[PDB]
Amino acid sequence: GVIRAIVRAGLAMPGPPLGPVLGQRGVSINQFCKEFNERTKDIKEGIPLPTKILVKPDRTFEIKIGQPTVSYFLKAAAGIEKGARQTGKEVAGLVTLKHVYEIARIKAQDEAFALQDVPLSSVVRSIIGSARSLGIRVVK
Amino acid sequence: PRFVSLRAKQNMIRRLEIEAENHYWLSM
Amino acid sequence: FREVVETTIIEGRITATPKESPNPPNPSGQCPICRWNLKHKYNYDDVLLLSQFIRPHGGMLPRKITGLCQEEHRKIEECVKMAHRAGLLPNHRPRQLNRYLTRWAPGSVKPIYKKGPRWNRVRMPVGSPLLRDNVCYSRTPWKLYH
Amino acid sequence: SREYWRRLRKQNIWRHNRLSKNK
Amino acid sequence: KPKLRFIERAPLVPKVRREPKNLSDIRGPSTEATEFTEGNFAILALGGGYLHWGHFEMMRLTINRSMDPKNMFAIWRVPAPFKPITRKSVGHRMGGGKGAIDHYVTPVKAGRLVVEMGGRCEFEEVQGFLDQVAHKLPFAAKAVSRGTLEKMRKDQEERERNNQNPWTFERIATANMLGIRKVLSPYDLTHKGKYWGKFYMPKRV
Amino acid sequence: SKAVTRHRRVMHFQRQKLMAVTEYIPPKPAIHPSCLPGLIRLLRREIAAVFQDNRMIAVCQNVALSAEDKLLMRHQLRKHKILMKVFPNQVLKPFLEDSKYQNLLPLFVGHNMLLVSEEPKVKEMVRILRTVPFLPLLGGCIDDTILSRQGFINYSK
Amino acid sequence: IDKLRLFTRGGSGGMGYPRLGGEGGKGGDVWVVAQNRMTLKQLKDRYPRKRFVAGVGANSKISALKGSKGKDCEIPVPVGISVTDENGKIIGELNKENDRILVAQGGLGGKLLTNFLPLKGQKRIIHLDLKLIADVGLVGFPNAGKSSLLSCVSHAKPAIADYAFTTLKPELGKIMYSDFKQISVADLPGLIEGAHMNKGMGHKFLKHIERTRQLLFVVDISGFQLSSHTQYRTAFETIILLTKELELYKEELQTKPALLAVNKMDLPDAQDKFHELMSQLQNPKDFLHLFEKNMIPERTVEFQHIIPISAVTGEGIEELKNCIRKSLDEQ
Amino acid sequence: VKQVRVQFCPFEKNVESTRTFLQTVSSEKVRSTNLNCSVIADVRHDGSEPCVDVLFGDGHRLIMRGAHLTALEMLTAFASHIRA
RNA sequence: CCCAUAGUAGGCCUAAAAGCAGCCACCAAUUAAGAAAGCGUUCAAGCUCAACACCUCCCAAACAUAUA
């Protein structure tokens, strides 16, 4: 099977969101937490990062690390840990074109996110749509 | 309850056509 | 046509493909009967038309396999239903009361034991309902309830 | 344009989804 | 309010004078409330009659029993029971006129739309409830969407324009061809051979 | 009797008689019909532009590749410049007729995919077809010259 | 592990129909009695075959005799029973053994030509909630040794238990109260590893374990570097995460008699301050802060206490475990 | 059962049935249903082949030629040979 | 028949509610895939579908084929 984990970089082994989602396939929870912690230490911290987690029937793990969520990166760049209750009537934050372009470049740099479009205008439009889905207003 | 079969259709069709032709020649 | 030779070794070989007649005078029809100029004049006594659409064990042919129109394929199926029970199609065995054109199937037809009043009369099932517009050479109306 | 065609395809998809909503 | 309002048994203002029950108010295909009115699905009355507060209350109970107010809203287009149908004293001498009023009922002819339904819901999901209501309805009806009524009208127009008969009901009747005027109704020129008394024959092409 | 009671209302035999005279007969057919016999233009224009711009166009019958395999093939054809695309076969037949290509008409059949490029980079596709045992390269067209699977293999070698 | 809903049938009346005499049976009552783990020794918790009925009345006709009496029905449970009815609320509120709750309906007769009435037998809608598989559901952490901890803290060997559910039967472990009696606790179904530690032997089984009304949060009471886990999820961090999940799952359940299990105490000693850490985690608001007067980040401050596992020292750990078991069985 | 040769080359007239049989329900798309397949495509000419030659592990061997035989019939023959 | 990836485990509320617990926008990256339409899910994971590759003992007896 294929799982989709969004576990945080800081605390790899939580209670609610760690085991119940995809632990039933059969794997060592402590080993997976240690691998996630090592991957988080290899990268920057202070932001959640999605992982691929390649599981096998022979109980073999191949953890792959992409990048932080574009919504989470946009929230960190805007400076709001809490999003808008009603999008997008209440503009929680304002994102400039330079920060949006930097976030789009960071997202396209990752390979597990599979943002491998030839043009960067498509990635910029995708990041703009992701920001407009949240409470972020594009400036210029 | 009563039903009328194709016999009624043919004889009554003769009736209707007779009346129609009488109407037709009576228009001048 | 194809055969599956088995002995474990199993193979599929295409052998004895059938072919059509050389002179279709009714080309570019939509029913195969319309493709063969048989639009309304096929009858339940017809052995050849029966053989042209009966599977070797008596299976029903789908219209795509049959090449006939869906109304015509239903006509063919009803003709098959007429003819296999007619005792004229012994060529399709799976493993007495004589008949003439019994439509519905025997082993579930209830005994019609309450003959209704002549002003509200139910008659016996008579004839295949599919052939209501069959090509009639007669002037008598074609019966449905005898 | 391709964006207009994608929008029309999305509209048709939403229409068929709303049709299947009763099913 | 996405729910059906309650229909009272009689209005607050009563009917002081006695009145008769004319069958002509239900006879004939109705012209008013015949098409959809801010609705995409409804029940078109396939027959004439009178609906009281009992039939309206049964319909309202069946609607509010199975409806989603966030996706389906239903508004009763028919009025409340207003026509007074009376009943005399039990064990009274026969004849002799009419007594006090018994109960109110509003009369609806053939073709009237009963309850307009709308919102984020199609007629296919509510088709079962509408069919149960129509089988339990006071008069005969048919559950039709916004496009189903148009499909039926187009089919009827096609059937009318594809006629092959050498004689038609109007073709002998409006002509008064063969003395059927000895039996032809005075109002028969209006239904064109389609509405016979309390039954409605739309199936006649 | 009542005008409208529990029983149905009375119909005269004259009334039903004219009603049967009013049998609304539907149309009588003669031959019967049952037994008788914007995106596309834009896609065709894009296909013509891709065929004109690219020097080497290769047609493949590859359908065996999964979504991950298709993504890997797209990554390989993005690393070395080769535009991979697929359009309708009925549209491509009009496109082939407009482009005046005779040998590419019978090659385009079933599931297919075009790879149009200026620099020939079919060696990577050949290596991918070598790694996963399939042979989708058949009937290529490079520098206005129709080739075969053997010709494509010789060119890749 | 789930909750059971049964229909209870009692005695039914008799018949006649003699000129002298009269009717027969009466209507029995529905009794619910909770029993110890010895009731679970006989396999009668996988019983469910659409409930059970009771006897009916008699008539007698030779020569003028009346009939018999009705019959009452008693519904037993393997380990503990919480009894509710169709009124939307429970009358009896207990889970300890030897507790009985009764519902009465009867007074039967017979039809009409000597001494009159019409009816049939009586019934009631009973709801049995066992408050998890046995007494409480244990959700551990990725350091869990709850089976070995229960075996070390009790002289009674754990056995296999079952419950009246539509799913599989979870495993149960016996704990000692040091009072000539023993209590029981329940773990994850099949192989016990702990619900938080990525294991429930099934997704539906994980839902069944998470549906428990009384939850016990097992965690490592020792140091993170000295915990029997590699890599350990830290005692403070994993304890805070599990306690926050349990409290935010239901504020009423956090304010109810729920506890957290102190595990991995077989490495720790009397001087290891494992009991001190358990007390500091139980008396506080499941965080660093001990007491909050007005401004409290949690739903309720000064919550319940913690349960001991793999017992050590002599500062009342056995008494604390017995009190925790009594509070869990109190429900 | 075991590997299949699948002979197909652009020498004679191309067959759409053989191409459909090779590309679909024998190729890597069909490898999910038949996990132990190891299917390969052969470009060696045989002469009006459209072979889709399969050598089973039991020593069965299958030749279904194939130019006039449809893709559906060849796939059904392959399925019948697999089921045996 | 077939095919179903990705920003993404869309955001607020929510332990988590991942398209499917309640709301807001429903954009958008590939030829072409609804910020999700009937399932299933504690949450997930797994099914399809839309969009792309392909095209009182009933009571007549009876008979359909002979030119209104």
# chains A, B, ... in the order shown; residues from 1 in each chain; ligands from 1

call {"tool": "select_by_dssp", "arguments": {"residues": "chain C", "states": "strand (DSSP E)", "output": "PyMOL selection string"}}
result
chain C and resi 2-6+10-14

call {"tool": "interface_residues", "arguments": {"of": "chain C", "to": "chain F", "cutoff": "10 Å", "atoms": "only C-alpha atoms", "output": "list in words"}}
result
residues 28, 29, 30, 31, 32, 33, 34, 35, 39, 68, 69, 70, 71 and 72 of chain C

call {"tool": "write_last_selection", "arguments": {"atoms": "N, CA and C atoms", "output": "CSV table (one decimal), in the first residue's frame"}}
result
chain,number,residue,atom,x,y,z
C,28,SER,N,-25.9,-3.2,-47.6
C,28,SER,CA,-25.9,-2.0,-46.8
C,28,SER,C,-27.3,-1.8,-46.1
C,29,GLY,N,-27.8,-3.0,-45.6
C,29,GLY,CA,-28.9,-3.0,-44.7
C,29,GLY,C,-28.4,-2.9,-43.3
C,30,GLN,N,-29.3,-2.7,-42.3
C,30,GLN,CA,-28.9,-2.6,-40.9
C,30,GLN,C,-29.3,-3.9,-40.2
C,31,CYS,N,-30.5,-4.4,-40.3
C,31,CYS,CA,-30.7,-5.8,-39.9
C,31,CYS,C,-30.0,-6.7,-40.8
C,32,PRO,N,-29.4,-7.8,-40.3
C,32,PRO,CA,-28.9,-8.8,-41.2
C,32,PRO,C,-29.9,-9.4,-42.1
C,33,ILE,N,-31.2,-9.5,-41.7
C,33,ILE,CA,-32.3,-9.9,-42.5
C,33,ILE,C,-32.5,-8.8,-43.5
C,34,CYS,N,-32.4,-7.5,-43.1
C,34,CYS,CA,-32.4,-6.4,-44.0
C,34,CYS,C,-31.1,-6.4,-44.9
C,35,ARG,N,-30.0,-7.0,-44.4
C,35,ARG,CA,-28.9,-7.2,-45.2
C,35,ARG,C,-29.0,-8.4,-46.1
C,39,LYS,N,-36.9,-8.9,-44.3
C,39,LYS,CA,-37.3,-7.9,-43.3
C,39,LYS,C,-38.5,-8.4,-42.5
C,68,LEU,N,-27.0,-8.8,-36.6
C,68,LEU,CA,-28.3,-8.3,-37.0
C,68,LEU,C,-28.7,-7.1,-36.1
C,69,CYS,N,-29.7,-6.4,-36.5
C,69,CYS,CA,-30.3,-5.3,-35.7
C,69,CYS,C,-30.9,-5.9,-34.4
C,70,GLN,N,-30.9,-5.0,-33.4
C,70,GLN,CA,-31.4,-5.5,-32.1
C,70,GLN,C,-32.8,-6.0,-32.1
C,71,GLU,N,-33.7,-5.3,-32.9
C,71,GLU,CA,-35.1,-5.8,-33.1
C,71,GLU,C,-35.0,-7.1,-33.9
C,72,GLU,N,-34.2,-7.1,-34.9
C,72,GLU,CA,-34.0,-8.3,-35.7
C,72,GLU,C,-33.3,-9.4,-34.9

call {"tool": "select_by_dssp", "arguments": {"residues": "region 42-112 of chain E", "states": "alpha helix (DSSP H)", "output": "VMD selection string"}}
result
chain E and resid 53 to 65

call {"tool": "write_last_selection", "arguments": {"atoms": "C-alpha atoms", "output": "JSON list (two decimals), in the first residue's frame"}}
result
[["chain", "number", "residue", "atom", "x", "y", "z"],
["E", 53, "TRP", "CA", -56.44, 19.48, 4.52],
["E", 54, "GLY", "CA", -56.16, 15.71, 4.93],
["E", 55, "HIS", "CA", -54.47, 15.07, 1.59],
["E", 56, "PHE", "CA", -52.36, 18.22, 1.98],
["E", 57, "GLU", "CA", -51.34, 17.13, 5.50],
["E", 58, "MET", "CA", -50.46, 13.63, 4.29],
["E", 59, "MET", "CA", -48.34, 15.15, 1.51],
["E", 60, "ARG", "CA", -46.67, 17.53, 3.98],
["E", 61, "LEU", "CA", -45.95, 14.65, 6.38],
["E", 62, "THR", "CA", -44.48, 12.57, 3.55],
["E", 63, "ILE", "CA", -42.38, 15.55, 2.41],
["E", 64, "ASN", "CA", -41.03, 16.58, 5.82],
["E", 65, "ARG", "CA", -40.44, 12.90, 6.63]]

call {"tool": "interface_residues", "arguments": {"of": "chain F", "to": "chain E", "cutoff": "10 Å", "atoms": "only C-alpha atoms", "output": "ChimeraX atom specification"}}
result
/F:3-4,8-12,14-15,17-28

call {"tool": "residues_around", "arguments": {"residues": "residue 86 (chain A)", "least_positions_apart": "3", "cutoff": "8 Å", "atoms": "only C-alpha atoms (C1' of nucleotides)", "output": "list in words"}}
result
residues 89, 90 and 135 of chain A; 12 and 24 of chain I

call {"tool": "residues_around", "arguments": {"residues": "region 65-72 of chain A", "least_positions_apart": "3", "cutoff": "6 Å", "atoms": "only C-alpha atoms (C1' of nucleotides)", "output": "number ranges by chain"}}
result
A: 48-49, 51, 75, 110, 112-113

call {"tool": "interface_residues", "arguments": {"of": "chain D", "to": "chain I", "cutoff": "6 Å", "atoms": "only C-alpha atoms (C1' of nucleotides)", "output": "VMD selection string"}}
result
chain D and resid 13 to 14 16 to 17 20 to 21 23

call {"tool": "write_last_selection", "arguments": {"atoms": "N, CA, C and O atoms", "output": "mmCIF file, in the first residue's frame"}}
result
data_model
loop_
_atom_site.group_PDB
_atom_site.id
_atom_site.type_symbol
_atom_site.label_atom_id
_atom_site.label_comp_id
_atom_site.auth_asym_id
_atom_site.auth_seq_id
_atom_site.Cartn_x
_atom_site.Cartn_y
_atom_site.Cartn_z
ATOM 1 N N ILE D 13 -17.556 17.987 -15.574
ATOM 2 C CA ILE D 13 -17.296 17.003 -14.526
ATOM 3 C C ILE D 13 -18.171 17.275 -13.310
ATOM 4 O O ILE D 13 -18.745 16.355 -12.717
ATOM 5 N N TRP D 14 -18.291 18.549 -12.928
ATOM 6 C CA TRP D 14 -19.145 18.922 -11.806
ATOM 7 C C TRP D 14 -20.612 18.652 -12.119
ATOM 8 O O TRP D 14 -21.380 18.246 -11.240
ATOM 9 N N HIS D 16 -21.790 16.263 -14.182
ATOM 10 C CA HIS D 16 -22.008 14.820 -14.115
ATOM 11 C C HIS D 16 -21.954 14.322 -12.674
ATOM 12 O O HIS D 16 -22.674 13.389 -12.301
ATOM 13 N N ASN D 17 -21.110 14.944 -11.846
ATOM 14 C CA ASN D 17 -21.070 14.605 -10.427
ATOM 15 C C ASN D 17 -22.384 14.966 -9.742
ATOM 16 O O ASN D 17 -22.907 14.192 -8.934
ATOM 17 N N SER D 20 -24.854 12.422 -10.658
ATOM 18 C CA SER D 20 -24.668 11.167 -9.935
ATOM 19 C C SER D 20 -24.964 11.335 -8.449
ATOM 20 O O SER D 20 -25.039 10.350 -7.706
ATOM 21 N N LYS D 21 -25.096 12.584 -7.995
ATOM 22 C CA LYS D 21 -25.408 12.895 -6.603
ATOM 23 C C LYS D 21 -26.741 12.299 -6.173
ATOM 24 O O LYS D 21 -26.880 11.826 -5.041
ATOM 25 N N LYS D 23 -27.810 9.608 -7.393
ATOM 26 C CA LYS D 23 -27.563 8.172 -7.393
ATOM 27 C C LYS D 23 -26.566 7.803 -6.304
ATOM 28 O O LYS D 23 -26.425 6.631 -5.950
#

call {"tool": "interface_residues", "arguments": {"of": "chain A", "to": "chain I", "cutoff": "8 Å", "atoms": "only C-alpha atoms (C1' of nucleotides)", "output": "VMD selection string"}}
result
chain A and resid 1 to 6 16 to 17 20 to 22 69 to 71 83 to 88 113 to 115 117 122 to 123 125 to 127 129 to 130 132 to 134

call {"tool": "write_last_selection", "arguments": {"atoms": "N, CA and C atoms", "output": "mmCIF file, in the first residue's frame"}}
result
data_model
loop_
_atom_site.group_PDB
_atom_site.id
_atom_site.type_symbol
_atom_site.label_atom_id
_atom_site.label_comp_id
_atom_site.auth_asym_id
_atom_site.auth_seq_id
_atom_site.Cartn_x
_atom_site.Cartn_y
_atom_site.Cartn_z
ATOM 1 N N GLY A 1 0.799 -1.212 0.000
ATOM 2 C CA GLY A 1 0.000 0.000 0.000
ATOM 3 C C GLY A 1 0.834 1.265 0.000
ATOM 4 N N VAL A 2 0.183 2.399 -0.240
ATOM 5 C CA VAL A 2 0.845 3.698 -0.277
ATOM 6 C C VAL A 2 0.203 4.593 0.771
ATOM 7 N N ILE A 3 1.018 5.133 1.667
ATOM 8 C CA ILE A 3 0.541 5.999 2.729
ATOM 9 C C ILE A 3 0.994 7.426 2.448
ATOM 10 N N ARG A 4 0.385 8.376 3.161
ATOM 11 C CA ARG A 4 0.696 9.802 3.020
ATOM 12 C C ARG A 4 0.829 10.382 4.428
ATOM 13 N N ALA A 5 2.068 10.521 4.892
ATOM 14 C CA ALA A 5 2.352 11.023 6.227
ATOM 15 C C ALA A 5 2.754 12.495 6.178
ATOM 16 N N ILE A 6 2.256 13.247 7.157
ATOM 17 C CA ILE A 6 2.537 14.673 7.281
ATOM 18 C C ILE A 6 3.066 14.958 8.679
ATOM 19 N N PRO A 16 -1.764 10.873 18.857
ATOM 20 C CA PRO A 16 -2.970 10.807 18.024
ATOM 21 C C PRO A 16 -2.638 10.566 16.559
ATOM 22 N N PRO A 17 -1.759 11.388 15.970
ATOM 23 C CA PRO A 17 -1.606 11.371 14.505
ATOM 24 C C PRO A 17 -0.488 10.484 13.995
ATOM 25 N N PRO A 20 -2.145 5.504 14.383
ATOM 26 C CA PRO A 20 -3.453 5.002 13.912
ATOM 27 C C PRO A 20 -3.669 5.134 12.414
ATOM 28 N N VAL A 21 -2.941 6.031 11.746
ATOM 29 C CA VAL A 21 -3.161 6.247 10.319
ATOM 30 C C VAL A 21 -2.639 5.072 9.505
ATOM 31 N N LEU A 22 -1.336 4.800 9.579
ATOM 32 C CA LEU A 22 -0.756 3.796 8.693
ATOM 33 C C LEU A 22 0.113 2.780 9.429
ATOM 34 N N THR A 69 5.120 21.725 3.334
ATOM 35 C CA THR A 69 3.890 22.031 2.617
ATOM 36 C C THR A 69 3.898 23.477 2.136
ATOM 37 N N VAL A 70 3.399 23.678 0.913
ATOM 38 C CA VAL A 70 3.379 25.012 0.320
ATOM 39 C C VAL A 70 2.426 25.920 1.088
ATOM 40 N N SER A 71 1.320 25.361 1.583
ATOM 41 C CA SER A 71 0.433 26.117 2.460
ATOM 42 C C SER A 71 1.128 26.464 3.773
ATOM 43 N N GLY A 83 -4.829 30.266 10.127
ATOM 44 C CA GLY A 83 -5.377 30.736 8.870
ATOM 45 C C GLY A 83 -6.682 31.490 9.018
ATOM 46 N N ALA A 84 -7.260 31.903 7.893
ATOM 47 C CA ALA A 84 -8.515 32.641 7.908
ATOM 48 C C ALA A 84 -9.697 31.694 8.067
ATOM 49 N N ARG A 85 -10.693 32.130 8.842
ATOM 50 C CA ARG A 85 -11.885 31.314 9.050
ATOM 51 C C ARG A 85 -12.746 31.255 7.794
ATOM 52 N N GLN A 86 -12.779 32.343 7.020
ATOM 53 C CA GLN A 86 -13.600 32.430 5.808
ATOM 54 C C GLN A 86 -12.716 32.967 4.682
ATOM 55 N N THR A 87 -12.309 32.076 3.783
ATOM 56 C CA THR A 87 -11.452 32.454 2.670
ATOM 57 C C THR A 87 -12.284 32.753 1.427
ATOM 58 N N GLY A 88 -11.998 33.886 0.785
ATOM 59 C CA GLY A 88 -10.952 34.805 1.203
ATOM 60 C C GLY A 88 -11.455 36.197 1.531
ATOM 61 N N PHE A 113 7.754 15.994 -4.124
ATOM 62 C CA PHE A 113 6.553 16.785 -4.371
ATOM 63 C C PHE A 113 6.132 16.696 -5.833
ATOM 64 N N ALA A 114 7.047 16.227 -6.694
ATOM 65 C CA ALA A 114 6.822 16.017 -8.129
ATOM 66 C C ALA A 114 6.401 17.304 -8.839
ATOM 67 N N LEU A 115 6.997 18.426 -8.436
ATOM 68 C CA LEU A 115 6.772 19.712 -9.094
ATOM 69 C C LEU A 115 7.885 19.911 -10.118
ATOM 70 N N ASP A 117 7.534 20.797 -13.493
ATOM 71 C CA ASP A 117 7.082 21.477 -14.698
ATOM 72 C C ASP A 117 8.238 22.221 -15.358
ATOM 73 N N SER A 122 3.871 28.136 -14.324
ATOM 74 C CA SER A 122 2.890 27.167 -13.842
ATOM 75 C C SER A 122 3.020 26.952 -12.339
ATOM 76 N N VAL A 123 4.259 26.857 -11.846
ATOM 77 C CA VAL A 123 4.487 26.682 -10.412
ATOM 78 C C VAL A 123 4.068 27.934 -9.650
ATOM 79 N N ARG A 125 1.708 30.041 -10.607
ATOM 80 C CA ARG A 125 0.248 30.037 -10.613
ATOM 81 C C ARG A 125 -0.305 29.044 -9.597
ATOM 82 N N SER A 126 0.345 27.884 -9.463
ATOM 83 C CA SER A 126 -0.080 26.895 -8.474
ATOM 84 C C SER A 126 0.093 27.421 -7.053
ATOM 85 N N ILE A 127 1.215 28.097 -6.789
ATOM 86 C CA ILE A 127 1.449 28.674 -5.468
ATOM 87 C C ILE A 127 0.465 29.804 -5.193
ATOM 88 N N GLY A 129 -2.584 29.987 -6.436
ATOM 89 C CA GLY A 129 -3.859 29.342 -6.155
ATOM 90 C C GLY A 129 -3.913 28.740 -4.764
ATOM 91 N N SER A 130 -2.790 28.176 -4.310
ATOM 92 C CA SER A 130 -2.723 27.630 -2.957
ATOM 93 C C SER A 130 -2.828 28.735 -1.912
ATOM 94 N N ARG A 132 -4.391 31.626 -2.450
ATOM 95 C CA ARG A 132 -5.744 32.164 -2.550
ATOM 96 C C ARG A 132 -6.758 31.219 -1.919
ATOM 97 N N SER A 133 -6.436 29.922 -1.883
ATOM 98 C CA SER A 133 -7.264 28.974 -1.146
ATOM 99 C C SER A 133 -7.243 29.279 0.345
ATOM 100 N N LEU A 134 -6.079 29.651 0.871
ATOM 101 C CA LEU A 134 -5.960 30.103 2.246
ATOM 102 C C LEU A 134 -6.241 31.603 2.328
#

call {"tool": "residues_around", "arguments": {"residues": "residue 77 (chain F)", "least_positions_apart": "6", "cutoff": "12 Å", "atoms": "only C-alpha atoms (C1' of nucleotides)", "output": "VMD selection string"}}
result
(chain A and resid 116 118) or (chain F and resid 70 to 71 83 to 85 114 to 117 119 to 126 128)

call {"tool": "write_last_selection", "arguments": {"atoms": "N, CA, C and O atoms", "output": "mmCIF file, in the first residue's frame"}}
result
data_model
loop_
_atom_site.group_PDB
_atom_site.id
_atom_site.type_symbol
_atom_site.label_atom_id
_atom_site.label_comp_id
_atom_site.auth_asym_id
_atom_site.auth_seq_id
_atom_site.Cartn_x
_atom_site.Cartn_y
_atom_site.Cartn_z
ATOM 1 N N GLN A 116 7.795 19.155 -11.212
ATOM 2 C CA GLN A 116 8.820 19.135 -12.248
ATOM 3 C C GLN A 116 8.325 19.730 -13.563
ATOM 4 O O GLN A 116 8.650 19.222 -14.640
ATOM 5 N N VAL A 118 8.194 22.284 -16.687
ATOM 6 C CA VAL A 118 9.218 22.959 -17.484
ATOM 7 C C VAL A 118 9.213 24.452 -17.177
ATOM 8 O O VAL A 118 10.278 25.035 -16.925
ATOM 9 N N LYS F 70 5.123 6.446 -16.656
ATOM 10 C CA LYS F 70 4.929 7.597 -17.535
ATOM 11 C C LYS F 70 5.634 8.831 -16.986
ATOM 12 O O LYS F 70 6.205 9.620 -17.744
ATOM 13 N N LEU F 71 5.604 9.013 -15.663
ATOM 14 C CA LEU F 71 6.296 10.141 -15.045
ATOM 15 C C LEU F 71 7.807 10.007 -15.192
ATOM 16 O O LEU F 71 8.509 10.996 -15.431
ATOM 17 N N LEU F 83 9.744 16.206 -26.617
ATOM 18 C CA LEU F 83 8.372 16.475 -26.207
ATOM 19 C C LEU F 83 7.522 15.227 -26.417
ATOM 20 O O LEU F 83 7.341 14.776 -27.552
ATOM 21 N N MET F 84 7.005 14.672 -25.324
ATOM 22 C CA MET F 84 6.123 13.518 -25.414
ATOM 23 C C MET F 84 4.668 13.959 -25.325
ATOM 24 O O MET F 84 4.290 14.735 -24.443
ATOM 25 N N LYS F 85 3.847 13.464 -26.250
ATOM 26 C CA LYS F 85 2.443 13.847 -26.312
ATOM 27 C C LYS F 85 1.635 12.700 -26.896
ATOM 28 O O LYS F 85 2.209 11.740 -27.415
ATOM 29 N N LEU F 114 3.272 10.072 -29.487
ATOM 30 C CA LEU F 114 4.315 10.679 -30.290
ATOM 31 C C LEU F 114 5.387 11.295 -29.398
ATOM 32 O O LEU F 114 5.117 11.810 -28.306
ATOM 33 N N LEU F 115 6.626 11.215 -29.876
ATOM 34 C CA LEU F 115 7.769 11.868 -29.249
ATOM 35 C C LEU F 115 8.414 12.730 -30.321
ATOM 36 O O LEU F 115 9.017 12.203 -31.262
ATOM 37 N N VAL F 116 8.265 14.044 -30.192
ATOM 38 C CA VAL F 116 8.709 15.002 -31.196
ATOM 39 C C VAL F 116 9.847 15.819 -30.603
ATOM 40 O O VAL F 116 9.710 16.382 -29.509
ATOM 41 N N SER F 117 10.967 15.882 -31.318
ATOM 42 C CA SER F 117 12.138 16.585 -30.816
ATOM 43 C C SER F 117 12.965 17.081 -31.992
ATOM 44 O O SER F 117 12.838 16.593 -33.117
ATOM 45 N N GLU F 119 16.645 17.661 -31.328
ATOM 46 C CA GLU F 119 17.787 16.798 -31.066
ATOM 47 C C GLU F 119 17.295 15.378 -30.834
ATOM 48 O O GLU F 119 16.397 15.176 -30.005
ATOM 49 N N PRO F 120 17.824 14.379 -31.539
ATOM 50 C CA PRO F 120 17.338 13.003 -31.348
ATOM 51 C C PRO F 120 17.774 12.448 -30.001
ATOM 52 O O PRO F 120 18.967 12.349 -29.705
ATOM 53 N N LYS F 121 16.793 12.085 -29.184
ATOM 54 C CA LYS F 121 17.032 11.559 -27.848
ATOM 55 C C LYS F 121 16.181 10.305 -27.651
ATOM 56 O O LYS F 121 15.603 10.061 -26.593
ATOM 57 N N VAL F 122 16.094 9.483 -28.701
ATOM 58 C CA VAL F 122 15.383 8.210 -28.615
ATOM 59 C C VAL F 122 16.249 7.102 -28.036
ATOM 60 O O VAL F 122 15.742 5.994 -27.798
ATOM 61 N N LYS F 123 17.539 7.359 -27.811
ATOM 62 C CA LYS F 123 18.410 6.354 -27.207
ATOM 63 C C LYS F 123 18.045 6.122 -25.747
ATOM 64 O O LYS F 123 18.163 5.003 -25.237
ATOM 65 N N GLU F 124 17.611 7.176 -25.053
ATOM 66 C CA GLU F 124 17.135 7.021 -23.681
ATOM 67 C C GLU F 124 15.844 6.211 -23.643
ATOM 68 O O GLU F 124 15.656 5.360 -22.765
ATOM 69 N N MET F 125 14.944 6.463 -24.596
ATOM 70 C CA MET F 125 13.722 5.670 -24.701
ATOM 71 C C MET F 125 14.041 4.225 -25.068
ATOM 72 O O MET F 125 13.384 3.291 -24.593
ATOM 73 N N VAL F 126 15.057 4.027 -25.913
ATOM 74 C CA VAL F 126 15.491 2.678 -26.270
ATOM 75 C C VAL F 126 16.048 1.956 -25.046
ATOM 76 O O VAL F 126 15.789 0.767 -24.835
ATOM 77 N N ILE F 128 15.232 2.612 -21.931
ATOM 78 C CA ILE F 128 14.094 2.357 -21.048
ATOM 79 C C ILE F 128 13.314 1.136 -21.525
ATOM 80 O O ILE F 128 12.846 0.322 -20.720
#
